[PDB]
Protein chains: 2
Amino acid sequence: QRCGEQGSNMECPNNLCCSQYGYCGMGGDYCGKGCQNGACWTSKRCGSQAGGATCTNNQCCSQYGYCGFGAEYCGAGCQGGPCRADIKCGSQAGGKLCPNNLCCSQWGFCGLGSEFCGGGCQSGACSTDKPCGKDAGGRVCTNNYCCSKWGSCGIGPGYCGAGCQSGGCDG
Amino acid sequence: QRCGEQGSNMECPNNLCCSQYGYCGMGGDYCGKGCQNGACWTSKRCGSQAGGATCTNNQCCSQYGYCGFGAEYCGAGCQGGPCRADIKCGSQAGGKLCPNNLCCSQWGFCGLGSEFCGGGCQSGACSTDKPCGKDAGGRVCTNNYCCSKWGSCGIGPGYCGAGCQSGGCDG
């Protein structure tokens with residue numbers, strides 16, 4: 001029930017702003033000074049202008065390194081987020097990974113849904129559950145996902161903990 | 001630190017899936033059965049096909065009523081979310097409001113950033129802090145925002161509680 005630093009980076013629903021205290025709302029108390037994610041009054045910096053930073057709440061990183069929505073942000077020059085132009089990836093784009101766990105479809109584009117996450121999915125939030133570990137040719141997970149004891153790709157205590165063969169294994 | 005029903009509908013960062021227990025991760029434990037928001041394996045239904053439902057995590061509602069990202073969802077037919085086509089609103093579009101608290105720019109388009117939220121902003125997450133209440137011609141907040149005792153538009157205990165002149169005042 002806490003957002004931002006005090007909530008493990010959770011994000012408020014419907015673009016609600018996370019105040020500097022970790023609570024969700026709308027208004028200057030939440031959206032003004034110290035806003036953490038959501039519809040903050042001052043846009044967070046992103047991409048090239050902000051060391052390759054990603055925007056929260058799936059916001060588009062505009063060509064000038066500002067987070068937002070609308071033509072100016074998702075339109076021409078958009079450096080990340082749900083950009084108006086197809087985002088390439090996969091063997092098709094030198095092993096690039098989609099930002100924010102988006103699936104690299106079989107064709108080399110970034111999205112979320114059966115078309116990207118299903119059959120052929122290359123990296124990200126694939127729903128294919130392709131096997132890893134000693135159990136699977138000693139193959140590794142993409143996105144540095146933790147290969148669990150049971151030979152599964154995921155993120156979490158179950159995956160990243162006790163039994164993790166490879167991946168971002170807890171240490 | 002809880003997501004979904006047990007977290008007041010908080011959402012995980014970077015499209016992490018909220019398992020049926022309110023925890024954030026990646027994998028079948030979180031993304032499979034019972035997934036709540038984030039990159040769920042089965043897409044949540046939206047718009048027309050799902051009683052005007054909005055997609056979480058700012059996802060695009062495709063023409064067939066499915067939540068996602070990429071051409072198929074944000075492209076042609078997109079019924080909500082950060083749609084590839086400008087979303088109209090404001091006096092320009094019969095008082096329509098942007099979905100998910102997006103600002104209705106001075107021109108009648110939906111976004112988030114200074115261009116929409118700043119000067120001229122019509123409804124949503126305006127950063128203009130235009131005054132309400134008895135303190136302001138007895139004007140009301142848009143989006144049924146709570147007009148606080150001090151004459152401010154917001155959402156939260158401070159706004160919606162004790163002193164609320166109009167808006168979605170707590171009852």
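Along its first, second and third principal axes, ordered by size, segment A:2-42 spans 22, 19, 13 Å in Cα coordinates. Note down the nm distance, to one decimal, between modelled labels 7 Å out along Cα→Cβ at B:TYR21 and at B:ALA53. Label at B:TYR21, label at B:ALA53, 2.4 nm between them. Close amide-amide hydrogen proximity is noted between B:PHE109 and B:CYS89, each under 5 Å apart and 5 or more residues distant or on a separate chain (H modeled in the peptide plane; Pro and chain starts excluded).
To the nearest whole percent, what portion of all C-alpha pairs in segment B:86-128 is separated by more than 17 angstrom? The proportion of pairs with Cα distances above 17 Å equals 10 percent. Comparing Cα centroids, segment B:4-27 and segment B:112-155 end up 31 angstrom apart. Fraction of C-alpha pairs exceeding 17 angstrom in segment B:1-80: 43 percent, rounded to a whole number.
Among the residues of B:14-27, the average count of other protein chain beta-carbon atoms within 10 Å of the residue beta-carbon is 6.
Normalised by the number of residues in segment A:86-128, the mean separation of alpha-carbon contacts (under 8 Å, six or more apart) gives a relative contact order of 34 percent.
Under 5 Å between amide H atoms, partner at least 5 residues away or on a different chain: which partners does A:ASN143 have, H built in plane at 1.01 Å? Those qualifying (amide H under 5 Å, at least 5 residues apart or on another chain) are A:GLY124.
So what is log10(I(q)/I(0)) for segment B:129-171 at q = 0.18, 0.23, 0.34 1/Å, when the Debye sum runs over its Cα atoms only? With no solvent term, the Cα-only Debye profile gives -0.34, -0.56, -1.22. Which shape class applies to the protein assembly as shown: rounded if a/c is under 1.5, otherwise prolate when a/b exceeds b/c and oblate if not, where a ≥ b ≥ c are the square roots of the Cα gyration tensor eigenvalues? Prolate shape, in that a/c is at least 1.5 and a/b is the bigger ratio.
Converting phi to 3J(HN,Hα) with the Karplus coefficients 6.51, -1.76 and 1.60 and the offset θ = phi - 60°, segment B:10-22 yields 4, 10, 6, x, 6, 6, 4, 7, 9, 3, 5, 9, x Hz in sequence order, with x at every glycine or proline. Multiplying the residue separation of A:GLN92 and A:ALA162 by 0.36 nm and removing their Cα-Cα distance gives an extension gain of 21.7 nm. Each helix, a run of at least 4 DSSP H residues, gives -39500 (n - 2.57); summed and divided by the residues of chain B, these come to -1500 deg cm²/dmol at 222 nm. Over the C-alpha trace of segment A:43-85, radius of gyration and Dmax come out as 8.4, 23 angstrom. The value obtained for chain B, namely the Cα convex hull volume divided by the number of residues, is 137 Å³ per residue.
Coordinate-derived values only; no laboratory data. Every residue, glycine as well, gets a Cβ built from its backbone with ideal geometry; the counts of neighbours run over all protein chains shown.
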